[PDB]
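What follows is one chain in C-alpha coordinates, specifically the form deposited in one PDB entry.
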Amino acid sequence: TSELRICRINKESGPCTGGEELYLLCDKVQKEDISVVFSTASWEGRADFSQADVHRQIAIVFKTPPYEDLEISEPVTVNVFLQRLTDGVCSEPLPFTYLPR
(Lines give C-alpha, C1' and ligand atoms only; values in the text may rest on other atoms or scores of the structure.)
Protein backbone atom coordinates (compact mmCIF):
# COMPACT_ATOMS: atom_id res chain seq x y z
CA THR A 1 0.00 0.00 0.00
CA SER A 2 1.26 3.45 -1.06
CA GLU A 3 -0.92 4.99 -3.82
CA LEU A 4 1.46 5.92 -6.63
CA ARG A 5 0.05 8.81 -8.69
CA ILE A 6 0.95 11.28 -11.44
CA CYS A 7 0.69 14.98 -10.56
CA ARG A 8 0.96 16.18 -14.19
CA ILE A 9 2.55 15.64 -17.60
CA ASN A 10 4.27 18.26 -19.79
CA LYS A 11 2.28 17.18 -22.86
CA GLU A 12 -1.28 16.00 -23.63
CA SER A 13 -0.79 14.89 -27.25
CA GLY A 14 1.93 13.53 -29.50
CA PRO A 15 2.58 11.68 -32.78
CA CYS A 16 0.97 8.24 -32.91
CA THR A 17 4.39 7.01 -34.07
CA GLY A 18 5.83 7.53 -30.60
CA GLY A 19 9.43 8.13 -29.62
CA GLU A 20 8.59 11.58 -28.27
CA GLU A 21 10.17 12.65 -24.96
CA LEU A 22 7.99 13.80 -22.06
CA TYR A 23 8.25 14.61 -18.37
CA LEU A 24 5.92 13.55 -15.57
CA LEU A 25 5.83 14.61 -11.92
CA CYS A 26 4.70 11.95 -9.48
CA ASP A 27 4.65 10.72 -5.89
CA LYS A 28 7.71 8.81 -4.66
CA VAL A 29 8.67 5.80 -6.78
CA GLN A 30 11.67 3.49 -6.51
CA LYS A 31 13.68 3.99 -9.67
CA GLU A 32 14.03 0.20 -9.80
CA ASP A 33 10.46 -1.05 -9.57
CA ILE A 34 8.36 1.33 -11.62
CA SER A 35 7.23 1.77 -15.21
CA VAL A 36 5.04 4.14 -17.25
CA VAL A 37 2.31 2.49 -19.30
CA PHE A 38 -0.07 3.69 -22.05
CA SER A 39 -3.30 1.68 -22.40
CA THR A 40 -6.60 1.55 -24.31
CA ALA A 41 -9.47 -0.89 -24.78
CA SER A 42 -7.42 -3.72 -26.31
CA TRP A 43 -3.93 -2.23 -26.18
CA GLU A 44 -1.04 -1.72 -23.78
CA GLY A 45 2.33 -0.10 -24.36
CA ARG A 46 5.22 0.41 -21.97
CA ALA A 47 7.00 3.72 -22.32
CA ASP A 48 10.74 3.70 -22.82
CA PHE A 49 13.11 5.07 -20.18
CA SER A 50 15.97 4.04 -17.92
CA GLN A 51 16.43 3.94 -14.15
CA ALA A 52 18.71 6.95 -14.44
CA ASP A 53 15.78 8.86 -15.99
CA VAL A 54 13.82 8.93 -12.70
CA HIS A 55 14.50 12.18 -10.83
CA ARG A 56 14.62 11.79 -7.03
CA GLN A 57 11.54 9.53 -7.29
CA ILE A 58 9.33 12.54 -8.01
CA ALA A 59 9.56 12.66 -11.84
CA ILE A 60 10.39 10.50 -14.85
CA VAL A 61 11.77 11.53 -18.26
CA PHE A 62 10.55 8.92 -20.76
CA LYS A 63 9.77 8.42 -24.46
CA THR A 64 6.21 7.69 -25.56
CA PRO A 65 5.73 4.13 -26.85
CA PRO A 66 4.81 3.82 -30.50
CA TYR A 67 1.08 3.22 -30.80
CA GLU A 68 -0.38 -0.07 -32.04
CA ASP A 69 -2.18 1.45 -35.03
CA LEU A 70 0.56 3.50 -36.70
CA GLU A 71 -2.02 4.58 -39.28
CA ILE A 72 -5.00 5.96 -37.35
CA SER A 73 -6.63 8.93 -39.04
CA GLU A 74 -8.27 10.29 -35.92
CA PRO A 75 -7.14 11.52 -32.46
CA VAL A 76 -6.93 8.37 -30.36
CA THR A 77 -6.89 9.27 -26.67
CA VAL A 78 -5.44 6.66 -24.32
CA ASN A 79 -4.60 6.17 -20.64
CA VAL A 80 -1.24 6.86 -19.03
CA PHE A 81 -0.41 5.27 -15.67
CA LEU A 82 2.49 4.27 -13.44
CA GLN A 83 2.85 0.62 -12.36
CA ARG A 84 5.40 -1.05 -10.09
CA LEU A 85 7.10 -4.13 -11.54
CA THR A 86 6.66 -6.17 -8.37
CA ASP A 87 3.06 -6.07 -7.11
CA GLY A 88 1.63 -4.67 -10.37
CA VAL A 89 -0.05 -1.76 -8.54
CA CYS A 90 -0.95 1.14 -10.82
CA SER A 91 -2.05 4.74 -10.51
CA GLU A 92 -5.06 6.75 -11.55
CA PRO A 93 -4.70 7.00 -15.35
CA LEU A 94 -4.04 10.33 -17.10
CA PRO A 95 -5.47 11.33 -20.50
CA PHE A 96 -2.90 11.33 -23.28
CA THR A 97 -4.09 11.43 -26.87
CA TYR A 98 -2.07 10.19 -29.86
CA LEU A 99 -2.16 12.14 -33.11
CA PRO A 100 -2.63 10.98 -36.72
CA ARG A 101 -0.13 11.87 -39.46
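Residues carry their position along the shown sequence, with the first being 1.
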Higher-scoring stretch by recorded Cα B factor average, 21 to 29 or 86 to 94: 86 to 94
Mean C-alpha B-factor comparison - 48 to 56 and 67 to 75, higher one: 67 to 75
Ranked against its chain, the third holding the CA B-factor of residue 61: lowest
